[PDB]
Protein chains: 4
Amino acid sequence: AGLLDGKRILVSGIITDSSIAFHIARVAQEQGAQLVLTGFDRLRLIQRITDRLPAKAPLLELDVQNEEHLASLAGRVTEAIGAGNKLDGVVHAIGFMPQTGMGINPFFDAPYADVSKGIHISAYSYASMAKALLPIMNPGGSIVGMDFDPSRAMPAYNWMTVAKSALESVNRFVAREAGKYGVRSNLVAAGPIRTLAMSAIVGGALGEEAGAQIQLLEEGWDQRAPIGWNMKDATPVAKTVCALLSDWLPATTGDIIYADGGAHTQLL
Amino acid sequence: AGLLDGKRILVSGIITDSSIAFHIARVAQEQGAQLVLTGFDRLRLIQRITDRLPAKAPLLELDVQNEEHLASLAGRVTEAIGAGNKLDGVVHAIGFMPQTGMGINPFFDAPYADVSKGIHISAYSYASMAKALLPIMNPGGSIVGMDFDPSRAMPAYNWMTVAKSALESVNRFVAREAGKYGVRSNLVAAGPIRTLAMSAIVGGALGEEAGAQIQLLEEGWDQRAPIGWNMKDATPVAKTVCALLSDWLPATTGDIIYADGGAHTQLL
Amino acid sequence: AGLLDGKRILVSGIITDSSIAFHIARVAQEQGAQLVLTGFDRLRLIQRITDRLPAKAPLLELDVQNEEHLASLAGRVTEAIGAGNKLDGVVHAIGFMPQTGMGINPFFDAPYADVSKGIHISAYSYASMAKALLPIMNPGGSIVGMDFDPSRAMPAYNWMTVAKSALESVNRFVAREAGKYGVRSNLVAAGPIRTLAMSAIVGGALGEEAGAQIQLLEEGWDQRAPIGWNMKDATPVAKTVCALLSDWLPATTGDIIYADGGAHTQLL
Amino acid sequence: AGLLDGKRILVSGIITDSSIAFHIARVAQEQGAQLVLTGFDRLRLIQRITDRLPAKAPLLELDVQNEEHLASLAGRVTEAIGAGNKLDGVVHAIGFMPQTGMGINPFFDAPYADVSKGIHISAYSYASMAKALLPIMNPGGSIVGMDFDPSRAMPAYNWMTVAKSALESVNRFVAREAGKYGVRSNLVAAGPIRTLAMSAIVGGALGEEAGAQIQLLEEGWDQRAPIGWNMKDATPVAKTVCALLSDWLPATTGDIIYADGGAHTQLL
Ligand SMILES: NC(=O)c1c[n+]([C@@H]2O[C@H](COP(=O)([O-])OP(=O)(O)OC[C@H]3O[C@@H](n4cnc5c(N)ncnc54)[C@H](O)[C@@H]3O)[C@@H](O)[C@H]2O)ccc1C(=O)c1ccncc1
Ligand SMILES: NC(=O)c1c[n+]([C@@H]2O[C@H](COP(=O)([O-])OP(=O)(O)OC[C@H]3O[C@@H](n4cnc5c(N)ncnc54)[C@H](O)[C@@H]3O)[C@@H](O)[C@H]2O)ccc1C(=O)c1ccncc1
Ligand SMILES: NC(=O)c1c[n+]([C@@H]2O[C@H](COP(=O)([O-])OP(=O)(O)OC[C@H]3O[C@@H](n4cnc5c(N)ncnc54)[C@H](O)[C@@H]3O)[C@@H](O)[C@H]2O)ccc1C(=O)c1ccncc1
Ligand SMILES: NC(=O)c1c[n+]([C@@H]2O[C@H](COP(=O)([O-])OP(=O)(O)OC[C@H]3O[C@@H](n4cnc5c(N)ncnc54)[C@H](O)[C@@H]3O)[C@@H](O)[C@H]2O)ccc1C(=O)c1ccncc1
């Protein structure tokens, strides 16, 4: 086969071996992609984690709140992949919201400065990364960001859901710019995945009530999904991101693909 | 009749006699409401404008980015309406986005600090105001915010559309808190209205292309609306906000009512 | 007050004193409307039930599957309200699906003839009634149909949910025709209401599983609704239909207003 | 590569060499799929057309309005693919609406019998085919139907848009049944494609106004699509259907993938 054979793809967002971006990177290399990775603050830890990927991949530092990192990103990537080559895919899998904007801290008590940091990292940065990278992307390219369905409110996720609503809207504008380069921009809305942090939260890290509510949310997800949902398995989400990075959804942009077991299409 | 007879309603957002909140205030007083107004920076100008309203209404200063204004808002309103009385309605009609986030300035060139100010004023503040005012609202009360449909991208509005997407998501969370007080929270998504600023923009204030595009957007709106759309008339939008402030939509919250001529329900 | 003062409104759909149309008629007369009622097969029973309405209202027979009834409807209504007068409002509150299309009978086992009857009565008829009545409606008029949110599948409702999906689509086309008359067309999506039939179904009339599932659906509705949901009280739904029949939502058509406690805006 | 290597896929809907199902079949064979085709009435013509496909494929007759064809379909397919083998994919690409339900014939003038035939063929049949075929489908299988976005009304398509709204709702119920077999069910919402019939319609076959409106609809589609839209090329739509038939979107069901150039995500 080789779904992504020959494609050069930048993958951001790996922080632990349970990160959804770690599985996206693994599956993309299994599929023939040549990768460049970006990591945020603990580069030594990230390098050690990505050593377990099937193939080597250069790791570049990128703090999306750092204008300088962003301004120099395209030059560093070109250096990593070689003059004359461009990227075919970009994976944005970054997100963050201060504790005051999630959990049991009341929705009305999150200070704007925390919300703003969260929106900067989780939403604005999708536009930041596309701005930095489209100049070095090939026609037929694909930009994919990680989302979760924020069309209805829900317990605990609070401001992070607002940040996803902003992100879905940013994606539709990025598609307009990306289109001028022959590039698609889309998001994958995933079901809940037991990442290290999510496990910490279910385990009570942000208050017992938030944990109980997240837990309830996960069970209802598998019940509602007509094909079921396994929160411990990120592979189905990684495969979907690879589908969008491939040439097999060439007429979809500014769009959202739901890799959630079909749960969002069922009331109960 | 007297649709809002006896209700005490706070109305924010009046800046000129063409402000949508000026018409909402006028219609609400025609309907029997007793109002309290809040204004942002030019209080002398706002007082002079609101002198033309059918009845008197106390004017309080409120800069939604000022924590102190917000912290003292409930006490000032109680003083204006009298100890022992509470509000039955709150109208949020505030919005703003720096020029870099709208117009012909490229979407990718808006700095985050500008976007963040815009989201603070246009979205977060809906939660700020509800936080400040629910403690002084009566069961059966109603909070209404001004929106425009951001479900699809569009030219020129750029980051302001992202700010509406965030606002619609904030509204669904505010409904959850407001519900504990027996209060509803909803938004009215209006068609384009020729406010002073919008007229300035169509006239070229943010670049000729942005103006031409806004103009095209307005014409297509009236064509698509099965009952037509008159951008020079804010009355149909004011009436809709009054419908939500009344007791005649008592089972709708966390929701959006479209006062746009039905344009959003038609492709062409 | 008098929300509907002086308006002539046709109300279809009354079959028992627990029919949602019975409450819509009662509230509309409390609000000053002069009504004309249509009933389907048991006119003697319907007359006896509507005798309890606050005011008298002529009852006309109308089987929406009868072309002749439809062809003569406008003439009979004009006779009931008097030559030279026209209707200002029309309420469609009719729906039906054979048992094979609902309940525990498997979704795949409903024969098309049953589904087709159900869609004829529940969806096509909204266009049939508008076709018959727009010629005798005044500018500023309003047509309202009863809906329930079919955007996601759910247990038990099966083909009736498909019929609501068709109805919402018919409504957007009827708005286009109604607009030529200066008339609005909208639907009210209600939460579950304990009508006689729904009570029969919860009580097991279409299989124990369907009943258990409907029951579960109702409880979750009140839990999800930020202001709660009372399935035994149709008044909040009647008031919402009256809001659309009034002149207070004059810029909304081809649209759906949710009178469901805000449940559809919350995941959990 | 071989995206569909080894999969057995039934493809319905081929009537001319410009049929979207002809391209779906061609691309699926280019990708390694072994096909079985079904055709509706002119089997001699269909056989002659499919002779041009890259590989041979048995052709079975199937009139979805024929209960007998449906009742015997699974047995005929098993015979064509051999005892002990099951299908991995099913493509529903059938649709039809009598002329009275489309075109310049007024929306209110389509008789229910025509609408009902149209809904039978275009919507109910998606459930009919899944009912017939799930018993002979393998876990991990995929059912895909052709759709066009009916969320807003539009000129000319009239009742066919209502039939798509019904179909999208049927798909969400079929996903629930298909899930019990480990099978996904999804639709691809395509942009306008110049099929023989659509070309006939643009050319005036259903009235000059319908043609002018369809033409306007197509131009606006390419303008709105951030990556553009080529109505003469069905390949991008075929590739998307193959993506859903593959194992690369394994967590999506009861869903709709838009292969429309991203046009539905942009207002203008
Ligand atoms: N359950 C989940 O884990 C989940 C996660 N996502 C998204 O998937 C993406 C990856 O998250 P994950 O793998 O769960 O968590 P993660 O902690 O493994 O990694 C994401 C990255 O955030 C990156 N980071 C933070 N700040 C920066 C910065 N300033 N610059 C660069 N990088 C930064 C960080 O270093 C980390 O690598 C995010 O966009 C998530 O929101 C989408 C859907 C679901 C989800 O949250 C959900 C919620 C409610 N309903 C359904 C689904
Ligand atoms: N066309 C329009 O004018 C329009 C306006 N709205 C909303 O209606 C509301 C009122 O806007 P308007 O009447 O047009 O304009 P406006 O300039 O009259 O007034 C709004 C208020 O913003 C207030 N302001 C700014 N900063 C602050 C602050 N820090 N604290 C307190 N107040 C502040 C300001 O003083 C002013 O009174 C806003 O939420 C708008 O976004 C909603 C829909 C439409 C619209 O923009 C649109 C766009 C695209 N498609 C369809 C419709
Ligand atoms: N729970 C409910 O009772 C409910 C009802 N509605 C709609 O409200 C309307 C009235 O229904 P109801 O009051 O519950 O029941 P009903 O039995 O009182 O009356 C409706 C009418 O159907 C009329 N009828 C049947 N055939 C014909 C015909 N051929 N010609 C003329 N009239 C005919 C019949 O005579 C009866 O008067 C229908 O469109 C319903 O579908 C909308 C929402 C909810 C709902 O079903 C729901 C389901 C799932 N989630 C949320 C909400
Ligand atoms: N533009 C298009 O051609 C288009 C087509 N589709 C769908 O694609 C599918 C294939 O249509 P096509 O390839 O355009 O046309 P087609 O005429 O090539 O073929 C479809 C099949 O209908 C089959 N047929 C009719 N009755 C029966 C029956 N009783 N039993 C079995 N088969 C039957 C017929 O024999 C034919 O093979 C249908 O579901 C379409 O509605 C989806 C989207 C677009 C579209 O219509 C559109 C409209 C508005 N905005 C955007 C897109």
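Chain naming here is simple, since letters A, B, ... match the order of the sequence lines and numbering starts at 1 in each. When reading the values below, keep in mind they use all heavy atoms of this one structure, side chains included, and skip hydrogens, waters and symmetry mates.
- Atom OG1 of D/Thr38 is separated from atom CD1 of D/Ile14 by 8.5 Å, given to the nearest 0.5 angstrom.
- Listed by chain and number, the residues in a side-chain contact (heavy atoms from CB on, under 4.5 Å) with D/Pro106 are D/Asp109 (sequence neighbours excluded).
- For D/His69, there are no ring pair (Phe, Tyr, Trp, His ring centres under 6.0 Å) partners two or more places apart in sequence or in a different chain.
- Here the side chains of C/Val241 and C/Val91 are in contact, with some heavy-atom distance below 4.5 Å.
- In terms of heavy atoms, D/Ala234 sits closest to D/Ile193 at CA-CD1, 4.0 Å.
- Closest of all the heavy-atom pairs between D/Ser12 and D/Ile94 is OG-CG2, 3.6 Å.
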Show every donor-acceptor pair shorter than 3.5 Å between a side-chain atom in residues 159-168 of chain C and any protein atom, with sequence neighbours excluded, or say none if there are none.
unit_1	atom_1	unit_2	atom_2	d
C/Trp159	NE1	C/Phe107	O	2.9
C/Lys164	NZ	C/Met146	O	2.7
C/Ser165	OG	C/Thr161	O	3.4
C/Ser165	OG	D/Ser169	OG	2.7

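- For D/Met154 against B/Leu268, the heavy-atom pair with the smallest separation is CB-CD2, 4.2 Å.
- When atom types are taken as modelled, the side chain of A/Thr252 and the backbone of A/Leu249 share no donor-acceptor pair closer than 3.5 angstrom.
- Side chains of C/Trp221 and A/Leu267 form a contact here, defined as non-hydrogen atoms less than 4.5 Å apart.
- Exactly one residue among C/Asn186, C/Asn171, C/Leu244 makes a side-chain contact (heavy atoms from CB on, under 4.5 Å) with C/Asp255. That residue is C/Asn186.
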Donor-acceptor list for residues 259-266 of chain D side chains, cut-off 3.5 Å, not counting sequence neighbours:
unit_1	atom_1	unit_2	atom_2	d
D/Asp260	OD1	D/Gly262	N	2.8
D/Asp260	OD2	D/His264	N	3.0
D/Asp260	OD2	D/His264	ND1	3.2
D/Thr265	OG1	D/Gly262	O	2.8
D/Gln266	OE1	A/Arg176	NH1	2.9
D/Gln266	NE2	A/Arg172	O	3.1

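- Partners of C/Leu216 according to the side-chain contact (heavy atoms from CB on, under 4.5 Å) rule, which considers only residues two or more places apart in sequence or in another chain, are C/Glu219.
- Here the shortest heavy-atom pairing between D/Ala130 and C/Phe108 reads CB-CZ, 3.9 Å.
- Closest of all the heavy-atom pairs between C/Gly179 and B/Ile227 is CA-CG2, 4.2 Å.
- Residues satisfying the ring pair (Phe, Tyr, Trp, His ring centres under 6.0 Å) criterion with C/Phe148, sequence neighbours excluded, are C/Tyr157.
- When the shell of 6.0 Å around CG of D/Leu196 is examined, it contains 12 or fewer heavy atoms from other residues, nucleotides or ligands.
- Residues D/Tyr112 and C/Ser116 bring a donor and an acceptor atom of their side chains to less than 3.5 Å of each other.
- A salt bridge links D/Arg194 to D/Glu218: at least one charged side-chain nitrogen sits closer than 4.0 Å to a carboxylate oxygen.
- When all heavy atoms are compared, the tightest approach of D/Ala93 to D/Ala21 is CB-CB, 3.9 Å.
- Residue C/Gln99 places its CD atom among 12 or fewer non-hydrogen atoms of other residues, nucleotides or ligands, all under 6.0 Å distant.
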